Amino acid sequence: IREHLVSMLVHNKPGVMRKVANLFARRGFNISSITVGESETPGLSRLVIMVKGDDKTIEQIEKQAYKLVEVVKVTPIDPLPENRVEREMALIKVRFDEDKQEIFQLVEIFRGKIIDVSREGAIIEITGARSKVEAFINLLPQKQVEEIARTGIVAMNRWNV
């Protein structure tokens, strides 16, 4: 009923992602997005998970994650969009068809970056809220999009104001 966001600090060693995927699958969790990479603490990874569910969802995930010994801190992200930041990044390969200029214009308007060009097309890098990224993707001529590689959402609570 609402998408929820949770950040999670896990001891990083061989076999660990296998474990958290298992726990989430064999608990009936509807995961929409997952991000994973090094954290602020060397030796610990941070995962951001978005899960589609009800208001008991965050408690549930908390309770169940903590049963992996490797799960060392679970941090819910504020449900108020005003209280957090959310970002996604996409790499987009587009072929030109007499429209170099419309495409480059679009990249400029969205503050994207061209990171590869040939006579045939470009690769564009785009970062922003998920709805900026998607709005951008949808504005491209769909027959000309060759490839799209996307991260999930990274999110964090804002500084308290």
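We number the residues from 1 along the sequence you see.
Looking at mean Cα B-factors across 135-143 and 20-28, the upper value is held by 20-28. Set 55-63 against 125-133 and average the Cα temperature factors; 55-63 ends up higher. The PDB entry assigns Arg2 a C-alpha temperature factor belonging to the middle third of its chain's modelled residues.
Per-chain ranking of the deposited C-alpha B factor places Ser45 in the lowest third. Sort the modelled residues of the chain by CA B factor and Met89 lands in the middle third. For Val71, the recorded CA temperature factor ranks within the lowest third of the chain's modelled residues. Ranked against the other modelled residues of its chain, the C-alpha B-factor of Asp116 as given in the entry falls in the lowest third.
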